[PDB]
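Chains as they are written, first to last, in this note's numbering: chain A, 1 to 48; chain B, 49 to 407; chain C, 408 to 893; chain D, 894 to 1067; chain E, 1068 to 1107; chain F, 1108 to 1214; chain G, 1215 to 1262; chain H, 1263 to 1390; chain I, 1391 to 1499. Ideal placement from N, C-alpha and C gives every residue a C-beta, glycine not left out.
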Amino acid sequence: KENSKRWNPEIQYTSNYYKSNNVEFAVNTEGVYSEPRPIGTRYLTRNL
Amino acid sequence: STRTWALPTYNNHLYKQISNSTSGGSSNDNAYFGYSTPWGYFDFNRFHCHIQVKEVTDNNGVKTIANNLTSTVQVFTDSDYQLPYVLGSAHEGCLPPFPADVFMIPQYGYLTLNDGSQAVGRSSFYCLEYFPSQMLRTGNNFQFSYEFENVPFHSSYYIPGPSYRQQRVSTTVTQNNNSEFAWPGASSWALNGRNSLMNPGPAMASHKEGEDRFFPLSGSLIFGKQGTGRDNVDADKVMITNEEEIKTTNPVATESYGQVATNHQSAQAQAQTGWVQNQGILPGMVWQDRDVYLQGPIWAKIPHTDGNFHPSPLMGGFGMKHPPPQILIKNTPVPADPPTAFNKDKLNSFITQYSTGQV
Amino acid sequence: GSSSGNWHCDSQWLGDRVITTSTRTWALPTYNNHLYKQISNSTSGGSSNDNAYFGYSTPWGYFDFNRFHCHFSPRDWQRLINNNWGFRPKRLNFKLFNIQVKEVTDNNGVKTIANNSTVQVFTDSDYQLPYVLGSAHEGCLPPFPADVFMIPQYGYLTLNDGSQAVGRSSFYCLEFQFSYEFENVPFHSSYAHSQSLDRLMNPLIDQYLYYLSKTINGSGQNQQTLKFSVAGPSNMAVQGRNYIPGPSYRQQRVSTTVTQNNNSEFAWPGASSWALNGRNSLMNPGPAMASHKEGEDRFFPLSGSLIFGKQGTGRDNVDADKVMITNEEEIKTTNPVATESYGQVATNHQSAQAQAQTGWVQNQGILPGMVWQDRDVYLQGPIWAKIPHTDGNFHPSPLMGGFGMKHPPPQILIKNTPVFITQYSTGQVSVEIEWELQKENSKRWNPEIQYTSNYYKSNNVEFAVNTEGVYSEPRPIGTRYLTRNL
Amino acid sequence: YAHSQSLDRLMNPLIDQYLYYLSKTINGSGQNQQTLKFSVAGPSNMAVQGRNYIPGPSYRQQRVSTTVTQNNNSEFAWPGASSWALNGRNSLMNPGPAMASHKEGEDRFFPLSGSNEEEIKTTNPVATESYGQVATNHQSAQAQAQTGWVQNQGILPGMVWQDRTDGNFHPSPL
Amino acid sequence: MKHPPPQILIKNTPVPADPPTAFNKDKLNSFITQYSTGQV
Amino acid sequence: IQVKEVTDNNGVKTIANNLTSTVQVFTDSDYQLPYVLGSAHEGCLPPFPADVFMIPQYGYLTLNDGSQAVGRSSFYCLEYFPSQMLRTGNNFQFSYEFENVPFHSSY
Amino acid sequence: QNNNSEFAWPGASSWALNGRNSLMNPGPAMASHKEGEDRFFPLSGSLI
Amino acid sequence: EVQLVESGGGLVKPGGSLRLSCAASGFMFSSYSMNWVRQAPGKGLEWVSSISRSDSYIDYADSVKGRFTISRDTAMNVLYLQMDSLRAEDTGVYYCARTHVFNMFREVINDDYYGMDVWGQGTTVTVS
Amino acid sequence: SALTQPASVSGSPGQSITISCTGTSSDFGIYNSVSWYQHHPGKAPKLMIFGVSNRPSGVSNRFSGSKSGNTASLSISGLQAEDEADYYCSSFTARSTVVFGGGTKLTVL
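Okay, here's the thing in structure tokens:
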């Protein structure tokens, strides 16, 4: 767990509120699941 | 109750986005976005409602149906209510009224947020494969027990209850105005700029005492007679239920609730009144719910929200925070022969298959 | 010569509970030179009858922690609003210590301040005083722990006719740590439904109910007919539905592009309002209703949105970009839009001689089977309110958001004992609220929406001090991000 | 008992709110002057402040004065009176929901069918007055903001009021 | 060291100058000039 | 611990004991602050015990492109750490245990 | 901005083993670009 | 890699009409505002029209107002500027840009303007 | 138009340069928007600065900006031959239009 006392808000991985034909990380009209972008594991911060 | 059911293979075992754009999306009021799942579901939700696997092959020009003993059927209940709840909209697919019938199990689909035919970021996609479920072969069975939460008795037998006025349509066509007022003259409630008909609306007597012929345009649930057509069937092809039992404590559906003074009298101004076309709740009102019919639904799910008032659903029956859980079912896909050389793509070739059994 | 307490600020995240402690430094002047003095608009000129007031100013100061950002860092709010579907304040603990009295002397032309005297303090746990906390006033503990704040003066209002008093009016003469146990209140719902109330249907199977599709065969005379059709996926507006959206009281629609707005002063003339005993009070913020239809981002209800203001924003007639106009879009699924009508109703009986006429419903009370979402709580917004003591109420949750209660945290009144002599005091204040949480259980496959800081390179970091030492909150953070089925 | 406060004045008179309201929609003069100016709701202007609760529901009564000269010279006793129609039978509303009898300062006016109640005027709307106003249209460059009066209002969330089968609301009799 | 001796942070608790006799929401910018001494 | 205040009366400054003042001191034993003690800065205790020294100011550098700050930047408010508040009669003490490290080699 | 020549294999970093030149992929863990140069990417040095 | 390619620029006598299309690729085209700007020969950039995220708000520079119509089909991401009643001043190079917003989930109704993010190389429209 | 910006500026490699555009009435930099663009002839214009001084992911650190009163200025440091282009400033306006300055062609010597 992150015990950090950092005051300002962290960066988080968010799915942008968007308007599009298809839903990211979900099936399209032909039933083909698709992953839109590579997802990193590094968002929260820690001191060096 | 017990029935015999038959479960086909829906969507070739695929999840497929569906929306109005596949149907063209003519009107903005009918826009929708959602998904369609291979799972079927059992719906016993209507009052009058109260494992064998087969395969198919094409041999020459004829189709031979054979037993398959090794194939399985996946079934699970949602008892945490984590899926969309489709049993509460009074869809078809219920157990048949007469036990000697054999019924087909309806396909499962769910709708979510949209703007037009597209999908906003907030819209969420649920994969039913991601729930745990029990897999049944031809000798296994499935059962569970449910316990209804406490709900008030259904009543079969100060100022009157609220009203939201419906247009008055008369069964004799000569009486009705000679114009197309089916949608234009209808009582609606608008949400997110999509006008939605008010049906059935609050519980209100359908007609004044003595005037049986007149009926509220969207006030009463309408049931089709046996064999009635899906599109444009005459009035004698449908049953129109009347609420007149409740006329004592509730206002008539086609009448104004009352009158209120619109100004102050004086020597220079006459006393004026105006009609109350709709009235919310006031202190002291009493009212009756809508009656339930042998063909009518039993329960609904109270949408999970901060607040609600008198949650009993409008169509009828017992509103419940946690209703009887959904029961989802599908036939586990058996792939055909894979190619002898590796190809990463998923297998789209499956054996034609269906199953049957009891409830 | 021995400190009476320590400094406590931190957040212990434990299971389904949170504990948020905050400590600040305060200064209490002497108000009204130790005198209870009547006040009314006649002192301020009494321009309008809508602004009439009567009441008393008291020398006592009081502590107001009622705003969220007192107890939450910008980080502790992020950690909270991303992973949880609800929260609520189980307990409260308040400690007041390190009392330091400083007497002021003006000698020759300079002022010298030296140590001294007592400081009276009490809490009202019988609620015999007026309750001035839940009104969204100023003077609450500062967000940034290194600030030093001044205690606001306590004064109250009562019955009036014009600026004069009446025989029924009351005059109250008010003449350290404690713990508090909140009463049970429902979890705040932090989430935005992934379904809409009208679309709950199954898109595949069709309903067994019928509707009236055609009232005439075609163009001509004596063409009246009744044709019924099935409600199904094709036409989804006419399907029978069990539940209907929440109530509405309409607001005017103001557009942030100043050319769109009508060229006239309609701020008070066109504002929705409710009249009480002849005094017209503006409707603010009003019932919970979404601000704008989907895809409309320049229109906001004129008086229905909590409007904050940015750091350094003046009191009077500040520019549009100096204020932060909150968005209540999250509740558009179960609630009617604030600038739109609730629906339509029939205004007459059709017949051979009369067409079917309808008219808009500009306000609707509660009807059986409605559901609605309450207003969202914001990082800067209030926490609790006192449900006024009356013979009846409906859904007491306050209209500005937060937890309605009939016994809210007691007021804490404090004053400098008169010795008169120029005097003031200072010290520490700590407040510890144990929050209870409701974890996020959802089965959603695709990733949620989350509150994330932005990556563009800039001179200042959001929610941090600039080169002058001035702490500033750039935008309101309201909590609905996680989604849940309807 | 009786309240010593009014619902709209529950505020602290000495302190500003942290909320802003829309002060000015027009800079002044004419033709192209249009601007959005926001101000703080505070002690000086107490009508526009934010409030957590709104008063009881109203179903309006006709105003009758005890000085027979003021009253209109017509038979408005039945036609004028508020009523609730049931089963096609009109029924006078008596006494009706609990509401104040008359505004402060007028002791000669009383609601026609609604009986004095002046004790409850703090949290309840006056019988002979509308509940408030609601905008009836979207303004634009081409249309002025219009507000129609609300003659009757059912329950809304967060209301409070004073007193005088399948379901019922606030069963206390009238 | 991965856990060296900790940092020991210290400051003089600000004691403001006299506050005004009317509430001003702004934080107090006027403090008594002060410093402290002692032993380690 | 001793506390003084400074007043300028007429043109001259006068130092006088303030007894009710407090001094806040804490340790960061969770290592949640930036740690600057390893950069060999000045401001250490003096080499000669008869010297009286001034206590240095604590400030910290974070991520930056040029002079501007990226979104990964941190802002630590030390007031958000629980600390012990000491008047002129109170004291503060703690102990520490060095983790196992290899002998420094002199030879 | 790239050079107009086929430098895909000749240009690339490699580690020869037993006489077989083997591309260095992905290689040691190293940042992809300087700040502002994010359009550039190391030839063989990132998972694709 | 986000790219917007303008097309349809050409030579049309004054009073004629030209339709300009912008083919968007690599990003969600319906989540962003999109707008056209114009660079006359030997002049600085000028702005023409705009279209919102949900198409509710269409804006026009004072000069071209009423002579141009901006709209996006959205079936296949593309943008369209209908140029009607061209003048001699409409010669230039038309660009297709998209206003850039880091977070599409608004927290406040009045959002500070951030400017255009992605641009096309632009097409040349010439009148004679 | 509506934003006065100098015709051309020039500097030797290595030297800082301040390009500054001014505007009239209130609407100059309404909300936070004063935005600086880099237009190379024949290629897509780039958004050097968004906001008064915030600069996007792609832009180099050398570019910077500030707005003092009625005047905003783009400050280029560590000048190079690749910084030669046209530079425009823009500000959103009260009617939801954007307004570009005439622009300054920076010729590095």
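For a cut-off of 8 angstroms, the C-beta gap from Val-324 (chain B) to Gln-307 (chain B) is around 7 angstroms, short enough to register as a contact. A Cβ-Cβ distance of about 17 angstroms is found for the pair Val-1449 (chain I) and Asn-1422 (chain I), leaving them out of contact under the 8 angstroms criterion. Closer than 8 angstroms to the CB of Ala-1285 (chain H) there is not a single CB belonging to chain I. In chain order, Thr-1361, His-1362, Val-1363, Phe-1364 place their CB closer than 8 angstroms to the CB of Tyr-1376 (chain H), counting only its own chain and leaving out the 5 sequence neighbours on each side. For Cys-416 (chain C), the closest Cβ of chain F is nearer than 8 angstroms.
Taking the CA atoms as reference points, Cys-175 (chain B) sits about 40 angstroms from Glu-1249 (chain G).
Rounded to whole angstroms, the separation of the alpha carbons of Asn-78 (chain B) and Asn-642 (chain C) is 6 angstroms. Using a 10 angstroms sphere on the CB of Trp-1229 (chain G), the tally of other CB atoms stays under 16, which defines it as exposed.
Closer than 7 angstroms at the C-beta level to chain C, one finds these residues of the region 1139-1173 of chain F: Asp-1172. Within 10 angstroms of the beta-carbon of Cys-1151 (chain F) lie fewer than 16 other beta-carbons, which makes it exposed. Within chain B, no C-beta atom comes less than 7 angstroms from the C-beta of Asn-505 (chain C); the nearest is roughly 42 angstroms away.
Distance check between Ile-1409 (chain I) and each of I:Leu-1464, I:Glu-1474, I:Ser-1481, I:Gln-1470 places I:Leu-1464 closest, using alpha-carbon atoms only. Rounded to whole angstroms, the Cβ separation of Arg-51 (chain B) and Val-407 (chain B) is 5 angstroms, and the two are in contact under 8 angstroms. Neighbours of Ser-1097 (chain E) in chain F, taken as residues at a C-beta separation under 8 angstroms, are lacking, since the least C-beta distance is about 14 angstroms. Close to chain A, meaning a Cβ-Cβ distance shorter than 8 angstroms, are the following residues of the region 472-483 of chain C: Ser-480, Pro-481, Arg-482. The beta carbon of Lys-102 (chain B) is closer than 6 angstroms to those of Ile-113, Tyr-402 in its chain, skipping five residues each way along the sequence. Under the three-state reduction of DSSP, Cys-1184 (chain F) is assigned to coil, being neither helix nor strand. At least one CB atom of chain D sits nearer than 8 angstroms to the CB of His-802 (chain C). DSSP places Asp-1352 (chain H) in no alpha helix (DSSP H); its state is neither H nor E.
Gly-493 (chain C) places its beta carbon 8 angstroms or farther from that of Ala-792 (chain C). For the region 1432-1455 of chain I, residues whose beta-carbon sits nearer than 7 angstroms to a beta-carbon of chain G comprise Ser-1447, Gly-1448, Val-1449, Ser-1450, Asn-1451.
The beta carbon of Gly-1288 (chain H) sits closer than 8 angstroms to the beta carbons of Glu-1263, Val-1264, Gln-1265 from its chain, once the five residues preceding and following it are set aside; these are given in chain order. At a Cβ-Cβ threshold of 8 angstroms, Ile-294 (chain B) and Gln-336 (chain B) count as neighbours. Of the candidates C:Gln-646, C:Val-637, C:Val-645, C:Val-637 places its Cα closest to the Cα of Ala-283 (chain B).
Those residues of the region 1310-1327 of chain H placed with their C-beta closer than 7 angstroms to a C-beta in chain I are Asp-1321, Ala-1323, ordered along the chain. For the pair of segments examined, the region 152-169 of chain B was found to touch the region 606-614 of chain C: the number of CB pairs separated by less than 8 angstroms reaches three. For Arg-1179 (chain F), the nearest beta carbon of chain A is closer than 8 angstroms to its own beta carbon. Chain order gives no chain A residues near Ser-1390 (chain H), where near means a beta carbon separation below 7 angstroms; the closest approach is about 41 angstroms. In summary, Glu-588 (chain C) is exposed, with fewer than 16 beta-carbon neighbours lying within 10 Å of its beta-carbon over all protein chains present. In the same chain as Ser-119 (chain B), and ignoring 5 residues on each side of it, the C-beta atoms closer than 8 angstroms to its own belong to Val-101, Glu-103, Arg-185, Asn-379, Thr-380, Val-382, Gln-401, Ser-403, in chain order. Within the region 462-515 of chain C, the runs of alpha helix (DSSP H) that reach at least 4 residues and sit entirely inside it are, in chain order, 481-490. The way I'd put it, the region 79-87 of chain B does touch the region 56-67 of chain B; three or more beta-carbon pairs between them come closer than 8 angstroms. Within a 10 Å sphere around the beta-carbon of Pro-795 (chain C) sit 16 or more other beta-carbons, which makes this residue buried. For the set F:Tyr-1142, F:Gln-1164, F:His-1211, F:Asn-1198, the Cα lying nearest the Cα of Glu-1149 (chain F) is the one of F:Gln-1164. DSSP places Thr-321 (chain B) in the uninterrupted beta strand (DSSP E) bounded by 321-324.
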